[PDB]
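So the structure is just underneath, and the comments pick up after that.
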Amino acid sequence: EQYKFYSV
Amino acid sequence: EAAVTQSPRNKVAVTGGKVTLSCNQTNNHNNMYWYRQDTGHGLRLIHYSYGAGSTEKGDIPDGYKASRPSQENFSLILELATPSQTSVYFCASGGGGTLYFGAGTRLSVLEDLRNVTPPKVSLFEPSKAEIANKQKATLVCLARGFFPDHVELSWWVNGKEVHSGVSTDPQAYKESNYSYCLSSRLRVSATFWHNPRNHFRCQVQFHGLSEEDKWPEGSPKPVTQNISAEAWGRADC
Amino acid sequence: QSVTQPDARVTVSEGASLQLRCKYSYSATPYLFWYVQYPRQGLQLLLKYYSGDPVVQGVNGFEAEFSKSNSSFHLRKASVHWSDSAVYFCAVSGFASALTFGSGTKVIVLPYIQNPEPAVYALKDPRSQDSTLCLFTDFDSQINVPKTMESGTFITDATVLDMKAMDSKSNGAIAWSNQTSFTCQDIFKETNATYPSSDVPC
Amino acid sequence: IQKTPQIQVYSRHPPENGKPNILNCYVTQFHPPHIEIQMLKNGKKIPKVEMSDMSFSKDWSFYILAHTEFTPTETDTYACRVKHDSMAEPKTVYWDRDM
Amino acid sequence: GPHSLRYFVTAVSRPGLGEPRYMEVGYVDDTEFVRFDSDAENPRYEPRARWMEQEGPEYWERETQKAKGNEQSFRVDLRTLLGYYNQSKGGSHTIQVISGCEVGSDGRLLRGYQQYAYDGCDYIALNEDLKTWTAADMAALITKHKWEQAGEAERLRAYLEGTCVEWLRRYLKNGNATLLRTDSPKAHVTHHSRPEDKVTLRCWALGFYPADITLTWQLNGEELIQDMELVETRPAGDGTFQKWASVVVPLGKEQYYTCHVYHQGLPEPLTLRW
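Residue numbers (the authors' numbering), protein chains in the order written: chain P, 1 to 8; chain B, 1 to 63, 65 to 98, 105 to 116, 116A, 117 to 182, 186 to 187, 189 to 247; chain A, 1 to 93, 99 to 129, 132 to 198, 203 to 213; chain L, 1 to 99; chain H, 1 to 274.
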């Protein structure tokens, strides 16, 4: 189950 | 800080009208949004972004569009406006799920921009029984005949706003199939009431049409105004 | 992706314990939340559950407990305090940076009141002729002002109020009609102790 | 960044003969993920270039396993060329049987 | 023994040739358990292992979604990175990341990582503590302040300490055999004739599972890994691998040389001589 990454 | 500036905060627009609300932030939060507060459904997602340009559809898409020019300015756009799009609009910034909402916007689009009416408010006075019988003084404030319930009633004693023992139904009630009505009840003491010097004021900021709107009538313009009633401290005898 | 606040309205006695139900459906550990909304301002966050301890301790005596078996993130505050009367919403974060809110729950905490003085008054608008109204006031939170079936004759909703000194925790409901000389005395059928417009000298 | 790809060519089982087997072209340690990998049989490309799904490793680099399929005989000469922006010209590598 | 569940993400902008290629690959330990590709016929998270069969259509759908999000999620990054560096459009770039955790027998969390790789050179990453970020170049500076002034560290930290773990377990629950199975390498040696009365002795190992192995050449109880010859392990291309090593020894002097194959699927290391 994966993360919901943030931008940069 | 981290402010979610949401403007305008109110508008009475016409059907088939193109209305754009903008949201300025200072949270640097890439994720911006547009949700709609309506009863029985609570809030709902219109549109969302991830940074300038990034734009996608929410759950309530029909009729709404959006723009993301700056890491700041976001904006929900309605061209083919229909009253179904009547509601309190809210936008927000957010990192992963720390949504920072804003002040809101009372969206009232109508079938006829003439069906209106700035509030007719009047000041009542304290029942001497209450006065004597209990040494305090309620002085309710009524408001009648107005179209866009985009109203907010405040109190004004001796020159400054009031919050002491003041209560307004936040939601104006149905008067007619069209006239809404609002009321509240400031309540100061006897000693205080009984002083012909200390003044009492009641103000109902109303929000309708603005400067450049279409008022196709030869009758008084129903724009954002502030109609108000006044009273004064009566003696004791 | 699914949320449910079975009850959108709950009224409680001030002081007492408060528990607002909330269910959700999503075969996985969502991101649950609870925001508060009082008069006009927008939403306000109380807390957030990402993962970890099922029991979250948040702002202003507000805490909740996450659960599986069959879903839940019921909010909780024990010592309810009037000012808490509001709309509390419960959101989840399903398939990405979204916040699928559910209906909501308006809670109402009736204040405590030492003195039930269910006295009805009548006030006249000084800027015209016969412009009166019936003002129910200082009655017992737990009571129920009668409804309207008389056109033009309107009664407002119990609007609690508080001053600066002592208490004044007082409920009150305004009423007014365009119908002849109707007596507040009349309109408020099942009510109490009405004092009339007979300005006594002493 | 520019990172020249590592190439190895070989079969699964031992290189018998007149007996079916399979052939690979493991390329690694190269960067810009985009690459042309060609498996040939006598200077001439083969039809089925059965390639694997792209990946990477802890130092950011990219790996990939090309694999044809064959039955060898001492006569032939299998190999592989790999076009990539690290090297100027394509670099070929010859299948060395009993490496 | 320790175990992991790391995720490999990569978005590469192909200016002109369209929108960037994006895909994430899932690895419970070093086995591939799930991947997703933008250039896929029918974009959808895909089960890269039989046992992943026990995961519901919901699971797929779910991550399917989550993925597509991250899809355009990274699309952004790309632009953002570009702006930050002052480089105009045109040069195809590659963003990559490894997010993950590592539990060990007791379940305790050994390590959690999230590392951002830009065009092949370290961008930023979450330190050991799981609270700060470390970045290179004046640019990646701008980025930290961001992820920090938004809680990222925390939210990330929860995934690692709670999610990846609770799941890593589950995966193992059903992948076991497939993940816990072994296959003993098969070795042999080769004599390669050479000018000057010398020969190349090569120790072959292949058909073995677990990709880690060690090989050594000896001349009567002494290591020769030194001036020896090695090859990175070869994916045997069928769920198994291959590896060999060799060394030059005088002709005739063969019998005095010994190779050793130590592999976890071996009760007794393997020992060969010529």
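Built from N, CA and C at the ideal position, the CB exists for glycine as well.
Less than 7 Å separating the beta-carbons of residue i and residue j?
i: residue 36 (chain A); j: residue 47 (chain A); result: no
i: residue 4 (chain B); j: residue 25 (chain B); result: yes
i: residue 181 (chain A); j: residue 142 (chain A); result: yes
i: residue 20 (chain A); j: residue 75 (chain A); result: yes
i: residue 179 (chain A); j: residue 144 (chain A); result: yes
i: residue 209 (chain H); j: residue 178 (chain H); result: no
i: residue 74 (chain H); j: residue 95 (chain H); result: yes
i: residue 196 (chain A); j: residue 153 (chain A); result: yes
i: residue 207 (chain H); j: residue 186 (chain H); result: yes
i: residue 80 (chain A); j: residue 18 (chain A); result: yes
i: residue 165 (chain H); j: residue 121 (chain H); result: no
i: residue 157 (chain B); j: residue 192 (chain B); result: yes
For chain P, find out if any of its Cβ atoms is closer than 7 Å to the Cβ of residue i; answer yes or no.
i: residue 147 (chain H); result: yes
i: residue 46 (chain H); result: no
i: residue 13 (chain H); result: no
i: residue 30 (chain B); result: yes
So which residues of chain L does residue i contact, with C-beta pairs closer than 8 Å?
i: residue 64 (chain H); result: Chain L residues near residue 64 (chain H): none, gap ~17 Å exceeds 8 Å.
When the Cα atoms are used, what is the spatial distance from residue i to residue j?
i: residue 113 (chain H); j: residue 39 (chain B); result: 44 Å
i: residue 108 (chain B); j: residue 162 (chain H); result: 28 Å
i: residue 116A (chain B); j: residue 221 (chain B); result: 18 Å
i: residue 205 (chain H); j: residue 188 (chain H); result: 7 Å
i: residue 212 (chain H); j: residue 104 (chain H); result: 19 Å
i: residue 262 (chain H); j: residue 227 (chain H); result: 20 Å
i: residue 135 (chain B); j: residue 244 (chain B); result: 14 Å
i: residue 60 (chain A); j: residue 44 (chain B); result: 26 Å
i: residue 91 (chain L); j: residue 6 (chain L); result: 10 Å
i: residue 33 (chain B); j: residue 30 (chain A); result: 20 Å
i: residue 66 (chain B); j: residue 22 (chain L); result: 56 Å
i: residue 76 (chain B); j: residue 114 (chain B); result: 14 Å
i: residue 17 (chain H); j: residue 91 (chain H); result: 12 Å
i: residue 83 (chain A); j: residue 44 (chain H); result: 49 Å
i: residue 158 (chain H); j: residue 73 (chain A); result: 18 Å
i: residue 77 (chain A); j: residue 64 (chain A); result: 8 Å
i: residue 118 (chain H); j: residue 93 (chain H); result: 8 Å
i: residue 161 (chain A); j: residue 159 (chain B); result: 19 Å
i: residue 47 (chain H); j: residue 8 (chain H); result: 15 Å
i: residue 260 (chain H); j: residue 96 (chain L); result: 24 Å
i: residue 182 (chain B); j: residue 103 (chain A); result: 39 Å
i: residue 21 (chain B); j: residue 6 (chain B); result: 8 Å
i: residue 50 (chain L); j: residue 61 (chain H); result: 29 Å
i: residue 203 (chain B); j: residue 247 (chain B); result: 13 Å
i: residue 110 (chain H); j: residue 3 (chain H); result: 9 Å
Would you please verify whether the beta carbon of residue i is less than 7 Å from any beta carbon of chain B?
i: residue 177 (chain H); result: no
i: residue 210 (chain A); result: yes
Check the Cβ of residue i against every Cβ in chain L and list those closer than 9 Å, keeping chain order.
i: residue 259 (chain H); result: In chain order: nothing, as chain L lies at least about 16 Å away.
List, in order along the chain, the chain P residues whose C-beta lies closer than 8 Å to that of residue i?
i: residue 159 (chain H); result: 3
i: residue 86 (chain H); result: By Cβ distance, chain P contributes nothing, its closest Cβ being about 15 Å from residue 86 (chain H), past 8 Å.
So residue i contacts chain A; which residues on that side make the cut at Cβ distance below 7 Å?
i: residue 173 (chain B); result: 166, 167, 168
Indicate whether at least one CB of chain H lies closer than 7 Å to the CB of residue i.
i: residue 51 (chain A); result: yes
i: residue 1 (chain L); result: yes
i: residue 68 (chain B); result: no
i: residue 27 (chain A); result: yes
i: residue 65 (chain L); result: yes
i: residue 88 (chain B); result: no
i: residue 95 (chain L); result: no
At 9 Å on the CB atoms, spell out the chain P contacts of residue i, in chain order.
i: residue 101 (chain A); result: 4
i: residue 50 (chain B); result: 7
i: residue 244 (chain H); result: Under the 9 Å cutoff, chain P gives no residues; its nearest Cβ is about 38 Å from residue 244 (chain H).
By the criterion of Cβ-Cβ separation under 9 Å, what are the contact partners of residue i in chain B?
i: residue 153 (chain H); result: Simply none; closest approach about 11 Å.
Does the beta carbon of residue i sit closer than 7 Å to a beta carbon anywhere in chain A?
i: residue 131 (chain B); result: yes
Going along chain A, which residues have a C-beta under 9 Å from residue i?
i: residue 126 (chain B); result: Those do not exist, as residue 126 (chain B) stays about 11 Å from chain A at its closest Cβ, beyond 9 Å.
- Message: In chain order, what are the residue ranges of uninterrupted beta strand (DSSP E) at least 3 long that sit wholly in the segment 92-125 of chain H?
- Response: Listed in chain order, they are 94-104, 109-118.
- Task: Please list the segments of the beta strand (DSSP E) lying wholly inside the segment 141-173 of chain B, counting only runs of 3 or more residues, in order along the chain.
- Result: Counting only runs of at least 3 residues, the segment 141-173 of chain B fully encloses the following beta strand (DSSP E) elements, listed from N- to C-terminal order: 142-152, 157-163, 166-168.
- Task: Run through the segment 188-262 of chain H for me and flag every whole beta strand (DSSP E) of 3 or more residues, listed as ranges in chain order.
- Result: As far as the segment 188-262 of chain H is concerned, its whole beta strand (DSSP E) runs of at least 3 residues are 198-206, 214-218, 241-250, 258-262.
- Only counting runs of 3 or more residues, tell me where the beta strand (DSSP E) segments fall wholly within the segment 155-188 of chain A, in order along the chain. Counting whole runs of 3 or more residues, the segment 155-188 of chain A contains the beta strand (DSSP E) stretches 181-183.
- Item | Contained beta strand (DSSP E) runs [length at least 3] in the segment 16-40 of chain B, N- to C-terminal order | Fully enclosed beta strand (DSSP E) runs of no fewer than 3 residues occupy 19-24, 31-37 of the segment 16-40 of chain B, in order along the chain.
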